[PDB]
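Accompanying notes for the structure given below.
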Amino acid sequence: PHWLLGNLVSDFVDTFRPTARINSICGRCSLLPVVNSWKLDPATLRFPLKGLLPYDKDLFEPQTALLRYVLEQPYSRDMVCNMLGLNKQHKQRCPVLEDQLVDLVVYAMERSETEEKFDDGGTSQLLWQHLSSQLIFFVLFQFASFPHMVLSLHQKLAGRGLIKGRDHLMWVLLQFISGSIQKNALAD
Amino acid sequence: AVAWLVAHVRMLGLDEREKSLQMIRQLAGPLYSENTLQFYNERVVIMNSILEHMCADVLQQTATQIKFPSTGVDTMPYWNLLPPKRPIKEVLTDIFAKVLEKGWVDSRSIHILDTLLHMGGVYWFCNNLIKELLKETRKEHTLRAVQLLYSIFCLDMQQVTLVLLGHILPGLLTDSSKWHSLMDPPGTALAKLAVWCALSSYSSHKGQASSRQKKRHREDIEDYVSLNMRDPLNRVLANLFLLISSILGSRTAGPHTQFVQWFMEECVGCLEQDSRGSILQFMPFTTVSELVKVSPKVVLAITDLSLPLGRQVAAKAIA
Amino acid sequence: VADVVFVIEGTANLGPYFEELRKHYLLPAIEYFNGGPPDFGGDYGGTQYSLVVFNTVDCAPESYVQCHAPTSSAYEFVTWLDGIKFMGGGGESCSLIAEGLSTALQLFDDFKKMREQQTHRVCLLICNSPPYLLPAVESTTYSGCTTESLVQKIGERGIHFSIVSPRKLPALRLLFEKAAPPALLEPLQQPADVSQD
Amino acid sequence: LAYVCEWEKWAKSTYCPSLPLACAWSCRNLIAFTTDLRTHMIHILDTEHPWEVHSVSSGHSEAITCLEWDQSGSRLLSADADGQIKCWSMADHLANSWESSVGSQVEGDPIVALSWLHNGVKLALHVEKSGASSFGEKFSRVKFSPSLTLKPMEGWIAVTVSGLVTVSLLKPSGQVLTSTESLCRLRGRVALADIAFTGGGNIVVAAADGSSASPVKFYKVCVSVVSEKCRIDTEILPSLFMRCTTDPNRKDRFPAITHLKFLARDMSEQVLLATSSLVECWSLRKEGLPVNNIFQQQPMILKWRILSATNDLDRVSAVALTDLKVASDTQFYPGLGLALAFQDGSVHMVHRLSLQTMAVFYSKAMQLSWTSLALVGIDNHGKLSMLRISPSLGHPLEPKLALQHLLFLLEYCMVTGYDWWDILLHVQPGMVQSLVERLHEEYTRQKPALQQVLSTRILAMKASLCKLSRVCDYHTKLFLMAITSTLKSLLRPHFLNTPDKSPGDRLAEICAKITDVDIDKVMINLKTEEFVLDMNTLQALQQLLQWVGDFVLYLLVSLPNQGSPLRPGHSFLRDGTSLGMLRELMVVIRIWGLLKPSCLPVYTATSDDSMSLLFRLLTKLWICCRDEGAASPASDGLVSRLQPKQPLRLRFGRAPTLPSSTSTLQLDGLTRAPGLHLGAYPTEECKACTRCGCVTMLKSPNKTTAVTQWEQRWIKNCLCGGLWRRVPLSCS
């Protein structure tokens, strides 16, 4: 707040801190088990409504963990659509949402990086492919400023995750571009 | 043998003869081969193993890992724990945010902090600390931050406080670029920080630690121009107070007038003994006279010993 | 296959003229190996080439070669070096780059280590000012002269080499035909782009 | 002693305690001046005319280290490395303009600035003595592995002083990222100094804390593996330490510099450093270990040995340092000389291994400027300006050996193309006159062929020798000779004519075989048609070529001035060869004017073709002076007539100098105390007018449409164009 002003405003916020705590609930860990005005529904990286002065940015920092957990879970299309979507066919605006899947791309390499999938110890790659397919089913706002995907490539250089990720990465890129080849141009 | 292996590891490690030698020595070779009239081989071997564990750390680091000759329960977990392929610019986002969100200083991590202390420089250490400090934008969080910070400054009080009083305060007051930061309500905490560390430093303090006594030999005159002794702490505090009085000058005061106001305010405290205020030709009297225009606070500070010098500031405080 | 080399040096001597030559000789030459300069993937595709333009010792007492163009996909860095080569070079007009072409030979060398599995190696060098100098490399082990450079470019390897200078013709073409292997320095003509210079 | 500056409004900054300082440039323009005013900006200053001091704001804090690489203007901007390396290359050499070439070392503090380009030149000075070696054995270059070649590329890769592993993400002139991550021994703590250029393409670094312990994190690292990747090695070279602690008396040494030099075999600058002074020196002499005493009766190993150590009295070190293994008996110049200023007043400059004493003439951080011993005044006295002391190379006097060493270093500077500042070292120019005479004699005789590429430069060098004084004649004469030769030479091959039997310029060169007068005859006698290039040539004759016309005019009036109080007066120009070149220029500009009426006439009177008579008088004096001719024939009397056509007020480019003879030169930061001709020179200023100090005095954008030939030809450094300066116009 204003420099040459007195602390009279600053402390006035502090004495206002406890009452707003009376309006908090918890650490906002996770509330989305179902697959069916509502809880856990942020508009632009922020769910709350009250214009008061709550505590530290733990309620102001985006709930990245929430969207990270809900997106990696199948059948999330309807869930994300009702929680942040609006006029899926009449309001195409390509929001900040893409950044989220960018992490889902980075996490992708993690799935191949983490102990090299324990040298194919299990079938986590199957769930990975299914989640990637589900995300491709929502390929309508993915390439908003398409070079953003190249950013995902930049983070892909981290630790040189080209050991085994490259195959599945190219595969899901194929799964995506196959439904949008004749739609867009070669420029993209 | 272990000590001389540690001496010889300073080579290119192309021979690694002492490594295999120590490995053989640490083995279970002496299985009652000779007429060992000890009957305490168990405890003796346990002590040999734990001593081999505490040393040879560099050899067990600079070379390939050992084949686990311990067969114990739980070795010393306290270690460097510094991520190799990561820079030093991680203390803030990994330690400070957590410790502010937490309720205590995370004692374990403190060890890490210690390694951080005698690794880099106290200068950039405190610099990056105070830099990461001014982000709360709420008095309560800044309060808790400086509370934890006064404690984290322990184990290095003397040199850390010296470097702070010498650089971090002029580092913002001298120029206008950093003035932007001083305007924040965190500024009050910074003032509280300053007076607290000054009080702790001026107070009796031995501070004799192995890793500190072995690394407490430098050279510094501070170039403190004088235009009741010759001590680095006292001289630095005098220079600091002189700069406070100078900043208290007119013709420009947007952020720093509030800074010196908070400084003088928090300086007022019972059972204190700082602000000695030499009374030959110094500023503190004129400084108190000017601060009176911003009532009996300075009327108590300047009253060092009821000396005839204090009569002047008393008459001025009469108003 | 199609291992070409593109060299120009008249930047110090004559800059704008090159820009004119680009409109008639440089740009059409590149289209012989690409469907049109746009932005595509680059790898060991045989048809790649380099782009080497330097200056003389006049006002460069600390730099002779800074070439970097392994593949460049023949479009992007090619057009870049074409339009963003240089504007410097003073001193006088006696010699600009001969030691450069020697380094050019060295480039062919790496092809022997890179183009394994022939390729009918070709090369082209441009220089407006007539060059002559005593030093040879000052950069690498190989050393010689202009004569050594040409006999290496012709006899040591059958690299077709020409020099498309400005419309003017200095006393250079004469000595550059003393090679028993056909030098084929003919492609200096206002007629359209030759198939293979 | 001499060459001291000062800053009026700024002082030692009594408010801030202090700040470490540093600067070093082995090339021209060697002033960087890290300091704190009353974080702060960084300054740059040239060696000649230091009145126009320049500075530029930085973007970081504490500005700990900077060290350039080559003649290309660059800097490092260390201490969290914000605003990393770049060139200036904007219009001149007085603006930083730090481009996007930035390496983001996130919140670090390294003190490394290194990785030069190529090998160090070899000098067999004592053996060769430059008798007739013709730069062959006198100046050579030892084969040296170039760091990560591909053509020698180069990056600003350094070592993390604050950090403990490595630096990565190198993008030299390719804009490519190439990001990776390496472990680098997983442990370390360093306060070291770098020593990069070793035998192989590797880098060396070793120091941790000081005399307290004895650790040295020797990191032998390799960077050249494959494109778009890094494999930084973690080879621990054999460790070592400062044996100073052998004294049972005390051990309080605590070194804080321990710097090295580019030759990683023969130095170790460990030194006891408040309340102490004791230099030390070790080597890397490989030798086998005494494997014995095991019984009755790979040897390749490295155990360091001592080189030199003693007790001294000094606080601040400046810099460490030709080749070794030479019996430098007759050599007394600072060959590998290591000096450092003493706190107590005078500076006891003395070479290594002796340290005894030298002439003193009784009744923070520095670096060696060059072979000529003129240091920089950044000693431990606060924010004080630079100083200079006597560059005397040895105790005794030897004029012959003196001029020998001078010509040696001059030829070295010539072949290496670096700047020269041995000006203060040489005695008054009489000895320098004999020196340049001998120099040009050896140049002409034993060139043997490098002349065709080394001429121009040394001519400018001549200027410097004729710069200081009474002998200002050769200065102007050589300037005019150089500029005329350059302009004519560049004008020659600028013809897009049709080919013929021989080259156009070559066939024009033979014009010497022609009659005396009537150039209009000889022009058609050789060739007339193939000389026109294009309609757009009407910008040179009336604007810039007029000079040469006026030039020959300035000869006529200056012809009968032998009785003046100056033997050559303004100039003499009695060479003939250069005169023949100018006469060829006259005939070609004559045929030019025949091709276009916008030529340069006499502009005054008697047009009904003064140029013809001018040319015939010039050819007359030429043939009267071509092959060992006379000077002042009877023709001289008649040509001495002043025709009503000669103009005046010509530039005759020149510049001031630094006549600091023996005692003292005190200047401020500003307000100096006394002591391209394409028009672009009105009375008052009319544009930015980026000029230069040699002769130029020209405009910045050249204000033209298609005359880009000259402009582009002189965008970079002009004839000795290191002095490309800039200054705004006055305002009321």
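Sequence order for the protein chains is R, S, T and K.
Per the authors' numbering: the first sequence = residues 197 to 232, 240 to 391.
Per the authors' numbering: the second sequence = residues 618 to 844, 890 to 956, 961 to 985.
Per the authors' numbering: the third sequence = residues 15 to 52, 56 to 134, 137 to 216.
Per the authors' numbering: the fourth sequence = residues 3 to 40, 47 to 158, 162 to 284, 286, 290 to 312, 321 to 344, 354 to 395, 419 to 524, 530 to 668, 671 to 694, 720 to 762, 772 to 828.
Note that the Cβ used here is the ideal one computed from N, Cα and C, for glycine as well.
(request) Indicate the three-state DSSP secondary structure (helix, strand or coil) for residue 704/S in the structure shown. (result) coil
(message) Against chain S, does residue 195/K count as a neighbour if the rule is that its beta carbon must be under 8 Å from one of theirs?
(response) Output row for residue 195/K: interface = yes.
(request) Using three-state DSSP, classify residue 921/S as helix, strand or coil. (result) helix
(request) Compare the C-beta of residue 918/S against all C-beta atoms of chain R and say whether one is closer than 8 Å. (result) no
(message) Just to make sure I have the definition right: I need the residues of chain K whose C-beta is within less than 9 Å of the C-beta of residue 982/S. Which are they?
(response) Here the premise fails: no neighbours, minimum Cβ distance about 27 Å.
(request) Using three-state DSSP, classify residue 297/K as helix, strand or coil. (result) strand
(request) Whole angstroms is fine: what's the gap from residue 767/S's alpha carbon to residue 693/S's? (result) 29 Å
(request) Report all residues from its chain with a CB closer than 6 Å to the CB of residue 177/K; omit the five preceding and five following residues, and keep chain order. (result) 193, 195 and 243
(message) 8 Å is my cut-off, CB to CB: does residue 741/S come that close to chain K?
(response) Residue contact check for residue 741/S against chain K: a CB pair falls below 8 Å.
(request) Figure out for me which residue from 651/S, 672/S and 658/S has the closest Cα to the Cα of residue 621/S. (result) The residue with the shortest Cα to Cα distance from residue 621/S is 672/S.
(request) Under 9 Å between beta-carbons, which chain R residues line up against residue 112/K? List them in chain order, please. (result) Going along chain R, no residue has its Cβ under 9 Å from residue 112/K, so there is no contact; the nearest lies around 14 Å.
(message) Against chain R, does residue 719/S count as a neighbour if the rule is that its beta carbon must be under 8 Å from one of theirs?
(response) no
(request) Return no unless some Cβ of chain R is closer than 8 Å to the Cβ of residue 192/K. (result) yes
(message) With H, G and I counted as helix, E and B as strand and the rest as coil, what does DSSP make of residue 796/S?
(response) helix
(message) Can you pull the chain K neighbours of residue 188/T, defined as C-beta to C-beta under 7 Å?
(response) 559
(message) Give me, in chain order, the residues of the same chain whose beta-carbon lies closer than 7 Å to that of residue 29/T; leave out the 5 immediate sequence neighbours on both sides.
(response) 104
(request) May I ask you to report which of helix, strand or coil DSSP gives residue 639/S? (result) Secondary structure of residue 639/S (DSSP, three-state): helix.
(message) Below 9 Å on C-beta distance, what does residue 213/R contact in chain S?
(response) Under the 9 Å cutoff, chain S gives 755 and 757.
(request) Please list the partners that residue 374/R has in chain S, where partner means a Cβ-to-Cβ separation under 8 Å. (result) What residue 374/R touches in chain S: nothing, since even the nearest Cβ is about 29 Å away.
(request) Consider the Cβ of residue 504/K: report whether some Cβ of chain T lies at a distance smaller than 8 Å. (result) yes
(request) Verify whether the separation of the beta carbon atoms of residue 391/K and residue 436/K is less than 8 Å. (result) Inclusion of residue 391/K and residue 436/K in the CB contact set at 8 Å is not warranted, their separation being larger than that value.
(request) Would you give the residue range spanned by the alpha helix (DSSP H) that residue 181/T belongs to? (result) Taken as a continuous stretch (DSSP letters only), residue 181/T belongs to no alpha helix (DSSP H), being part of the beta strand (DSSP E) at 179-181.
(message) Using a Cβ-Cβ distance cut-off of 8 Å, determine whether residue 364/R contacts chain K.
(response) no
(request) Starting from residue 143/T, follow the alpha helix (DSSP H) in both directions and report where the run begins and ends. (result) Counting along the chain, residue 143/T falls outside any alpha helix (DSSP H), though it belongs to the beta strand (DSSP E) covering 141-145.
(message) Residues of chain K with CB closer than 8 Å to the CB of residue 136/T, please, in chain order.
(response) Missing from the coordinates: residue 136/T, inside the break in chain T from 134 to 137.
(request) Measuring only between beta-carbons, confirm whether residue 234/R sits less than 8 Å from chain K. (result) For residue 234/R, nothing is modelled; it lies in the interval where chain R passes from 232 to 240 with no residues in between.
(message) By alpha-carbon positions, which one of 223/R, 277/R, 292/R and 261/R ends up nearest to residue 344/R?
(response) 292/R
(request) Counting only the same chain and skipping the five closest in sequence on each side, list residues whose C-beta sits under 6 Å from that of residue 742/K. (result) 789
(message) For residue 931/S and residue 813/S, what's the separation of their Cα atoms in angstroms?
(response) 10 Å
(message) For residue 220/K, which residues in the same chain have their Cβ closer than 8 Å to its Cβ, ignoring the five residues on either side in sequence?
(response) 200, 202 and 226
(request) State the DSSP-derived secondary structure class of residue 22/T, mapped to helix, strand or coil. (result) In the three-state scheme derived from DSSP, where H, G and I count as helix and E and B as strand, residue 22/T is classed as strand.
(request) For residue 20/K, return the contacting residues in chain S, with the cut-off set at a CB-CB distance below 7 Å. (result) Chain S residues near residue 20/K: 840.
(request) Going by DSSP, name the residue or residues bridged to residue 205/K. (result) 216/K
(message) To the nearest angstrom, how far is the alpha carbon of residue 19/K from that of residue 40/K?
(response) 12 Å
(message) Rounded to the nearest angstrom, what separates residue 265/R and residue 227/R at their Cα positions?
(response) Near 15 Å, if we compare the C-alpha coordinates of residue 227/R and residue 265/R.
(message) Please list the terminal residues of the continuous alpha helix (DSSP H) segment that includes residue 724/S.
(response) 724-734
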